[PDB]
A.B. asks: 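Let me give you the structure first, and then I'll get to my questions.
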Amino acid sequence: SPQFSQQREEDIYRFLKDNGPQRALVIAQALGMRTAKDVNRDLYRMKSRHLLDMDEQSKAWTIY
Amino acid sequence: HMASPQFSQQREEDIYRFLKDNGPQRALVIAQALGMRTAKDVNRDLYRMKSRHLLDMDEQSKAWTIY
DNA sequence: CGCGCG
DNA sequence: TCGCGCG
């Protein structure tokens with residue numbers, strides 16, 4: 001199973017599981033926030049833990 | 001008969017005076033010299049002053065100068 | 001405008 | 001590549 005330190009990481013993961021790959025502004029807005037900056041530190045931390053991947057060209061995030 | 005340049009903020013006048021006497025210098029140096037902590041404390045102001053042609057930045061050294 | 005950086 | 005100025 002994926003290991004989440006904060007429940008909000010699961011919220012991101014499930015959003016991407018449910019809706020396919022999306023940019024950080026979409027993850028943020030879907031979860032009640034505004035911009036990529038509201039979630040990017042979480043996304044890159046999750047990427048470092050092989051929870052998510054990002055396509056560097058489209059900037060879309062997806063589950064790992 | 002007013003002095004030149006005119007600065008809209010004390011911060012801008014302080015940056016300009018620091019660079020006139022010491023410059024060029026990196027943003028991290030300017031931030032510390034004005035009692036702040038990192039480049040993030042002055043970058044918004046430096047690029048705004050650059051857009052008004054009050055300062056320039058050397059791309060190679062990253063040091064800011066009075067224009 | 002990508003920015004992940006405390 | 002800590003470059004980053006971004007609201």
Side-chain angles (χ1 to χ4, degrees):
Chain A
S1 292
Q3 188 180 313
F4 298 116
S5 302
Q6 287 279 310
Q7 178 105 333
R8 74 170 187 272
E9 301 169 0
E10 188 169 30
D11 293 347
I12 289 161
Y13 183 98
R14 285 187 63 187
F15 177 74
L16 295 173
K17 182 180 174 67
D18 292 351
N19 297 282
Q22 301 295 343
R23 292 168 53 227
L25 91 164
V26 172
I27 298 169
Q29 290 182 9
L31 297 171
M33 295 168 271
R34 298 188 304 169
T35 63
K37 200 173 282 282
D38 294 333
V39 297
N40 267 338
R41 292 190 68 198
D42 287 329
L43 300 176
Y44 283 92
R45 189 179 58 258
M46 290 169 79
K47 184 153 74 68
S48 81
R49 296 163 176 188
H50 308 279
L51 288 171
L52 305 179
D53 193 32
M54 193 190 64
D55 189 279
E56 266 276 33
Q57 297 194 97
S58 70
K59 309 295 174 194
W61 288 85
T62 194
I63 68 168
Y64 195 104
Chain B
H1 186 344
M2 306 291 283
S4 293
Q6 287 286 325
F7 306 101
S8 72
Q9 305 184 187
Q10 171 89 41
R11 177 56 66 247
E12 296 170 349
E13 183 159 359
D14 294 340
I15 288 162
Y16 194 94
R17 170 88 261 142
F18 174 71
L19 290 180
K20 184 171 191 50
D21 297 339
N22 298 270
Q25 293 299 336
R26 290 184 181 170
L28 179 57
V29 170
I30 303 169
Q32 289 173 86
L34 299 183
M36 296 177 285
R37 296 184 53 78
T38 68
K40 185 190 192 175
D41 291 317
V42 293
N43 273 333
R44 168 179 178 278
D45 300 315
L46 297 170
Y47 284 91
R48 185 179 60 263
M49 295 169 74
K50 187 179 185 283
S51 80
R52 298 180 197 281
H53 311 290
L54 290 186
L55 302 182
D56 199 11
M57 189 192 54
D58 186 288
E59 291 298 340
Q60 167 268 308
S61 71
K62 305 150 150 173
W64 290 84
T65 177
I66 65 166
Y67 190 106

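Here is how names work: the chains are called A, B, and so on, in the same order as the sequence lines, proteins then strands, and each is numbered from 1. As a basis for the values below, the full set of heavy atoms in this structure was taken, side chains included, without hydrogen atoms, waters or symmetry mates.
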A.B. asks: Expressed as a whole number of angstroms, how long is the span from B:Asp45:CG to D:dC4:P?
C.D. replies: 13 Å
A.B. asks: Would you say A:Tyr44 places a side-chain N or O within less than 4.0 Å of OP1 or OP2 belonging to C:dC5?
C.D. replies: no
A.B. asks: Flag the pair A:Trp61 / A:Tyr13 as yes when their ring centroid distance falls below 6.0 Å, and as no otherwise.
C.D. replies: no
A.B. asks: Round to a whole Å and report the spacing from CG of B:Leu46 to P of D:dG3.
C.D. replies: 13 Å
A.B. asks: Please report the distance, rounded to the nearest Å, between CD in A:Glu9 and P in C:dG4.
C.D. replies: 16 Å
A.B. asks: Using the rule salt bridge (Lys or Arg N to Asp or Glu O under 4.0 Å), only one of A:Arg8, A:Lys47, A:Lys37, A:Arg49 pairs with A:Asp42; which is it?
C.D. replies: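 It is A:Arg8, the one option of A:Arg8, A:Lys47, A:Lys37, A:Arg49 that forms the salt bridge (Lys or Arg N to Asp or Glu O under 4.0 Å) with A:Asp42.
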A.B. asks: Checking all strands, does B:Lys50 fall into the base, sugar-phosphate, or nothing category for heavy-atom contacts under 4.0 angstrom?
C.D. replies: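 Contact class for B:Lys50: none.
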A.B. asks: Specify the separation, in whole Å, of atom CG of A:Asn40 and atom P of C:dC1.
C.D. replies: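 From A:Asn40 CG to C:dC1 P: 15 Å.
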A.B. asks: Rounding to a whole Å, what distance do you find between A:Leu25:CG and C:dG4:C1'?
C.D. replies: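 Taking CG of A:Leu25 and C1' of C:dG4, I get 16 Å after rounding.
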A.B. asks: Taking atom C1' of D:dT1 as reference, at what distance in whole Å does atom CD of A:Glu56 sit?
C.D. replies: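 Going from CD in A:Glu56 over to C1' in D:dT1 covers 13 Å.
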A.B. asks: Is there a donor-acceptor pair closer than 3.5 Å between any side-chain N or O of B:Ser61 and the backbone N or O of B:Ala63?
C.D. replies: yes
A.B. asks: Closer than 3.5 angstrom, by distance alone: can the side chain of A:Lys59 be matched with the main-chain N or O of A:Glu56 as a donor-acceptor pair?
C.D. replies: yes
A.B. asks: Tell me: CG of B:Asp41 to P of C:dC5, nearest whole Å?
C.D. replies: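 Taking atom P of C:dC5 as the reference, CG of B:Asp41 is at 17 Å.
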A.B. asks: Quick one: label B:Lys40 by what it contacts on the DNA or RNA (base, sugar-phosphate, nothing), any heavy atom closer than 4.0 Å.
C.D. replies: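 The answer is sugar-phosphate, as B:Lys40 gets under 4.0 Å only of primed atoms, P, OP1 or OP2.
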A.B. asks: Could you check whether A:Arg23 gets within reach of a base, just the sugar-phosphate, or nothing at all, counting any heavy atom under 4.0 Å?
C.D. replies: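 Result for A:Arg23 = sugar-phosphate.
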A.B. asks: Identify which nucleotide among C:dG6, D:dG3, C:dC3 has an atom closest to any side-chain atom of A:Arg41, counting heavy atoms from C-beta outward.
C.D. replies: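 Shortest atom-to-atom distance from the side chain points to C:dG6.
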A.B. asks: Whole-Å distance between C:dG4 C1' and A:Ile12 CD1?
C.D. replies: 13 Å
